[PDB]
$ cat query_18.csv   # CSV, C-alpha atoms
chain,number,residue,atom,x,y,z
O,1,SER,CA,-4.7,-18.0,3.1
O,2,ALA,CA,-4.8,-14.4,2.0
O,3,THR,CA,-7.0,-11.3,2.2
O,4,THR,CA,-8.8,-10.6,-1.0
O,5,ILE,CA,-9.2,-6.8,-0.9
O,6,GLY,CA,-11.8,-4.7,-2.6
O,7,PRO,CA,-11.8,-0.9,-3.5
O,8,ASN,CA,-13.1,-0.1,0.0
O,9,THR,CA,-10.4,-1.6,2.3
O,10,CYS,CA,-9.0,1.6,3.6
O,11,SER,CA,-11.3,4.6,3.3
O,12,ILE,CA,-9.6,7.0,5.6
O,13,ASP,CA,-8.8,10.6,4.3
O,14,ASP,CA,-6.4,9.9,1.5
O,15,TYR,CA,-4.7,6.7,2.8
O,16,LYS,CA,-5.2,4.1,0.1
O,17,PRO,CA,-5.0,0.3,0.7
O,18,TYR,CA,-1.5,-1.0,0.0
O,19,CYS,CA,0.0,-4.5,0.1
O,20,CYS,CA,3.3,-3.9,1.9
O,21,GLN,CA,6.1,-6.3,2.5
O,22,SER,CA,9.0,-5.2,4.8
O,23,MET,CA,12.5,-5.5,3.4
O,24,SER,CA,15.2,-7.4,5.2
O,25,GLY,CA,18.2,-5.0,5.3
O,26,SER,CA,16.5,-2.1,3.5
O,27,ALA,CA,14.5,0.7,5.0
O,28,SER,CA,11.9,0.4,2.3
O,29,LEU,CA,8.3,-1.0,2.4
O,30,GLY,CA,7.7,-3.0,-0.7
O,31,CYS,CA,4.2,-2.1,-1.4
O,32,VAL,CA,1.8,-3.0,-4.2
O,33,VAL,CA,-1.3,-0.9,-4.9
O,34,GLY,CA,-4.5,-2.6,-3.8
O,35,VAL,CA,-7.1,-3.0,-6.5
O,36,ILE,CA,-10.4,-4.8,-6.7
O,37,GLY,CA,-9.7,-8.5,-6.3
O,38,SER,CA,-6.1,-8.4,-5.0
O,39,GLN,CA,-5.1,-11.5,-3.1
O,40,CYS,CA,-3.2,-9.6,-0.4
O,41,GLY,CA,-1.1,-12.2,1.4
O,42,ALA,CA,0.9,-9.4,3.0
O,43,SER,CA,0.3,-6.5,5.4
O,44,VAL,CA,-2.6,-4.5,3.9
O,45,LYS,CA,-2.0,-1.1,5.4
O,46,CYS,CA,-3.5,2.3,4.6
O,47,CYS,CA,-0.8,4.7,3.5
O,48,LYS,CA,-0.8,8.0,1.5
O,49,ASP,CA,2.7,7.7,0.2
O,50,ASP,CA,2.7,9.1,-3.3
O,51,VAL,CA,-0.2,8.3,-5.7
O,52,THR,CA,0.5,11.6,-7.4
O,53,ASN,CA,3.5,10.7,-9.6
O,54,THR,CA,4.2,7.1,-8.6
O,55,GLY,CA,1.8,4.1,-8.5
O,56,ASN,CA,2.4,1.2,-10.8
O,57,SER,CA,3.1,-2.5,-10.2
O,58,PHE,CA,5.3,-1.6,-7.3
O,59,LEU,CA,5.8,1.2,-4.9
O,60,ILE,CA,8.3,1.8,-2.1
O,61,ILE,CA,7.1,3.4,1.0
O,62,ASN,CA,9.8,5.1,3.1
O,63,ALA,CA,8.0,4.2,6.4
O,64,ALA,CA,6.8,7.7,7.3
O,65,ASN,CA,4.0,7.7,4.8
O,66,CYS,CA,1.6,5.2,6.3
O,67,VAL,CA,-0.7,5.5,9.3
O,68,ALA,CA,-1.0,1.8,9.8
$ encode --input "query_18.csv" --output "structure tokens"
Amino acid sequence: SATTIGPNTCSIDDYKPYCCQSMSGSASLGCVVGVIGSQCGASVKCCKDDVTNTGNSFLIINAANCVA
């Protein structure tokens, strides 16, 4: 049904686990930050994006910030 991710889904460098959904006519990846017990029914990729100033209930990845 969906992948229930833990805190150790993507442990590569600084690329955190993100639940990304690709937008239709928008060049933005609609990503939710993966936490312990997230029912990820979307593409669980490992991206770095910005966890420095952003990182709430939603995050938009501009493509060139993910290695998956």
$ residues_around --input "query_18.csv" --residues "region 32-34 of chain O" --least-positions-apart "4" --cutoff "8 Å" --atoms "all atoms listed in the file" --output "PyMOL selection string"
chain O and resi 5-7+16-20+38+40+55-59
$ atom_distance --input "query_18.csv" --atom1 "CA of residue 10 (chain O)" --atom2 "CA of residue 43 (chain O)"
12.5 Å
$ closest_residue --input "query_18.csv" --among "O:61, O:22, O:4, O:47" --to "residue 35 (chain O)" --atoms "only C-alpha atoms"
O:4
$ atom_distance --input "query_18.csv" --atom1 "CA of residue 9 (chain O)" --atom2 "CA of residue 24 (chain O)"
26.4 Å
$ atom_distance --input "query_18.csv" --atom1 "CA of residue 30 (chain O)" --atom2 "CA of residue 44 (chain O)"
11.4 Å
$ residues_around --input "query_18.csv" --residues "residue 23 (chain O)" --least-positions-apart "5" --cutoff "12 Å" --atoms "all atoms listed in the file" --output "ChimeraX atom specification"
/O:28-31,60-63
$ write_last_selection --input "query_18.csv" --atoms "C-alpha atoms" --output "compact mmCIF listing (two decimals), in the frame of the given file"
# COMPACT_ATOMS: atom_id res chain seq x y z
CA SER O 28 11.90 0.40 2.30
CA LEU O 29 8.30 -1.00 2.40
CA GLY O 30 7.70 -3.00 -0.70
CA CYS O 31 4.20 -2.10 -1.40
CA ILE O 60 8.30 1.80 -2.10
CA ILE O 61 7.10 3.40 1.00
CA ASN O 62 9.80 5.10 3.10
CA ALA O 63 8.00 4.20 6.40
$ closest_residue --input "query_18.csv" --among "O:53, O:25, O:8, O:45" --to "residue 65 (chain O)" --atoms "only C-alpha atoms"
O:45
$ residues_around --input "query_18.csv" --residues "residue 15 (chain O)" --least-positions-apart "6" --cutoff "8 Å" --atoms "all atoms listed in the file" --output "count of residues only"
6
